[PDB]
Each structure stands twice: as C-alpha cells, then as structure tokens.
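Asker: This is data38.csv (CSV, C-alpha atoms (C1' of nucleotides)).
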chain,number,residue,atom,x,y,z
A,830,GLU,CA,0.0,0.0,0.0
A,831,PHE,CA,1.1,3.5,-0.8
A,832,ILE,CA,2.5,5.6,2.2
A,833,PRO,CA,0.5,8.8,2.4
A,834,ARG,CA,3.8,10.7,2.7
A,835,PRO,CA,5.7,11.0,-0.6
A,836,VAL,CA,9.4,11.2,-1.1
A,837,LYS,CA,9.8,14.7,-2.4
A,838,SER,CA,13.6,14.4,-3.0
A,839,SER,CA,15.0,13.4,-6.3
A,840,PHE,CA,18.0,11.2,-6.3
A,841,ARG,CA,19.9,14.2,-7.7
A,842,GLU,CA,19.1,16.1,-4.6
A,843,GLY,CA,19.8,13.0,-2.5
A,844,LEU,CA,17.3,11.6,-0.1
A,845,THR,CA,16.8,12.3,3.6
A,846,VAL,CA,17.4,9.4,5.9
A,847,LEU,CA,13.7,8.9,6.4
A,848,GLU,CA,13.0,9.0,2.7
A,849,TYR,CA,15.7,6.4,2.1
A,850,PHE,CA,14.3,4.1,4.8
A,851,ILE,CA,10.8,4.4,3.4
A,852,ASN,CA,12.1,3.6,-0.1
A,853,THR,CA,13.9,0.4,1.1
A,854,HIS,CA,10.5,-1.3,1.7
A,855,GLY,CA,9.4,-1.3,-1.9
A,856,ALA,CA,13.0,-1.8,-3.2
A,857,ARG,CA,13.6,-5.0,-1.3
A,858,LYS,CA,10.0,-6.4,-1.5
A,859,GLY,CA,10.4,-5.8,-5.3
A,860,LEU,CA,13.7,-7.8,-5.2
A,861,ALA,CA,12.1,-10.8,-3.5
A,862,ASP,CA,9.0,-10.4,-5.7
A,863,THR,CA,11.2,-10.8,-8.8
A,864,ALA,CA,12.9,-13.8,-7.1
A,865,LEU,CA,9.5,-15.6,-6.8
A,866,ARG,CA,8.2,-14.4,-10.1
A,867,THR,CA,11.1,-16.0,-12.0
A,868,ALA,CA,10.3,-19.3,-10.2
A,869,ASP,CA,6.6,-19.5,-10.8
A,870,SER,CA,7.1,-18.5,-14.4
A,871,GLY,CA,9.4,-21.5,-14.8
A,872,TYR,CA,6.9,-23.8,-13.2
A,873,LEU,CA,4.1,-22.6,-15.6
A,874,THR,CA,6.6,-23.1,-18.5
A,875,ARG,CA,7.2,-26.7,-17.4
A,876,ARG,CA,3.5,-27.5,-17.2
A,877,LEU,CA,2.9,-25.9,-20.7
B,1,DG,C1',-26.7,-38.3,2.4
B,2,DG,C1',-23.8,-34.5,2.5
B,3,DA,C1',-20.6,-31.0,4.6
B,4,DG,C1',-16.5,-29.9,6.9
B,5,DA,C1',-11.3,-31.2,8.0
B,6,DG,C1',-7.7,-33.4,7.2
B,7,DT,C1',-4.5,-35.0,3.9
B,8,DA,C1',-2.3,-35.0,-0.3
B,9,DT,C1',0.3,-32.1,-4.1
B,10,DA,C1',3.1,-28.3,-6.1
B,11,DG,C1',6.5,-24.4,-5.6
B,12,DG,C1',13.4,-21.6,-11.7
B,13,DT,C1',18.0,-22.9,-14.1
B,14,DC,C1',23.1,-23.2,-14.3
B,15,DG,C1',27.7,-22.3,-11.6
B,16,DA,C1',31.9,-21.4,-7.5
B,17,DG,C1',34.0,-22.5,-2.5
B,18,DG,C1',33.4,-25.0,2.3
B,19,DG,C1',31.5,-28.9,5.7
B,20,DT,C1',31.3,-33.0,13.0
B,21,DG,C1',31.7,-39.2,17.7
B,22,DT,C1',28.9,-38.5,26.6
B,23,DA,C1',27.6,-43.2,29.0
B,24,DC,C1',29.3,-50.8,33.5
B,25,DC,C1',33.1,-53.9,34.7
B,26,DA,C1',35.2,-58.1,35.0
B,27,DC,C1',36.1,-61.2,32.4
B,28,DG,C1',36.3,-65.5,29.0
B,29,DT,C1',35.4,-65.8,23.5
B,30,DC,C1',37.0,-65.3,19.8
B,31,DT,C1',40.0,-63.4,16.4
B,32,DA,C1',44.2,-60.7,14.2
B,33,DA,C1',48.5,-60.8,13.7
B,34,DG,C1',51.9,-64.2,13.0
B,35,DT,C1',56.9,-67.6,12.5
B,36,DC,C1',57.7,-71.9,10.7
B,37,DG,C1',57.8,-76.8,7.8
B,38,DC,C1',57.0,-79.9,3.4
B,39,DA,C1',54.9,-80.2,-1.0
B,40,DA,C1',54.0,-77.9,-5.1
B,41,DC,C1',56.0,-75.1,-8.0
B,42,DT,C1',58.7,-72.3,-10.5
B,43,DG,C1',63.5,-72.1,-13.1
B,44,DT,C1',68.5,-73.5,-15.1
B,45,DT,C1',71.4,-77.0,-17.3
B,46,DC,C1',72.2,-80.2,-20.2
B,47,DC,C1',72.6,-84.1,-24.3
If you convert what's in this file into structure tokens, what do you get?
Answerer:
Amino acid sequence: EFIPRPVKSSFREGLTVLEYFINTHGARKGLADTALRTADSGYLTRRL
DNA sequence: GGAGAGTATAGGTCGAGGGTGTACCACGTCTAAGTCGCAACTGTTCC
C-alpha cells in the first residue's frame, strides 16, 4: 500500500534518511518479488 | 446423504568454494596378527 507521505527528494538532490528508509520497503520487496516471479514463471513453463 | 477437515500435491536454471563421535566392569570368546615346515612349483642345465 502507498504511504500517504511522498518522497519529495529526487536522487539528484539525494534523499533524507527517512525517505531512504521508506524507499527500502518497496525496493527489497520488489527484489524478493522478482525472485519468486522468475520461479513461478518457470513452473508454468514446465507445465505448458 | 452431504458438509467440513484433514491430507495430499506443487512451488526456476546453471555455476563457485566450504562442511562433525557422553555413558558398567570383569572377564572368558573369539580373532588378528603371526613364524615356521613340506609339498608344489617355478626355473637352469644339459645331451
């Protein structure tokens, strides 16, 4: 779910500590999500 | 009969370098190592 407080900083400005922490949630969860996605995709490929 | 629950199944590929032994005694029973003799067996040495 979206956090009601946006990150206003661009990476050119560099992010405050709180903004960086906030961004880590979606970054990491996206990494693990890709990890699972590439697995289930292969399973479906095997069944097909 | 018919519904919940309890049990069964599945869950990416290829690579590189690493990785383990608390605890009864007092004995007889057997074995794990032998040194050691004749046959049995390899070898020369001829005529």
Asker: Can you write out as JSON lines which residues of chain B fall within 9 Å of chain A, alongside each residue's closest atom pair and its distance in Å to one decimal, counting only C-alpha atoms (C1' of nucleotides) and ordering rows by chain and ascending residue number?
Answerer:
{"residue": "B:11", "atom": "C1'", "partner": "A:869", "partner_atom": "CA", "distance": 7.1}
{"residue": "B:12", "atom": "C1'", "partner": "A:868", "partner_atom": "CA", "distance": 4.1}
{"residue": "B:13", "atom": "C1'", "partner": "A:871", "partner_atom": "CA", "distance": 8.7}
Asker: Separation of CA of residue 852 (chain A) and CA of residue 836 (chain A), in Å?
Answerer: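 Answer for the CA of residue 852 (chain A) to CA of residue 836 (chain A) separation: 8.1 Å.
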Asker: Name the residues, using the chain letters and numbers of the file, that sit within 12 Å of (6.5, 9.7, 2.0) when counting all atoms listed in the file, and give them as a list in words.
Answerer: residues 830, 831, 832, 833, 834, 835, 836, 837, 838, 844, 845, 846, 847, 848, 849, 850, 851, 852, 853 and 854 of chain A
Asker: Do you have the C1' of residue 10 (chain B)-CA of residue 877 (chain A) distance handy?
Answerer: 14.8 Å
Asker: Can you tell me how far CA of residue 861 (chain A) sits from CA of residue 873 (chain A), in Å to one decimal?
Answerer: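 One can read the CA of residue 861 (chain A) to CA of residue 873 (chain A) distance as 18.7 Å.
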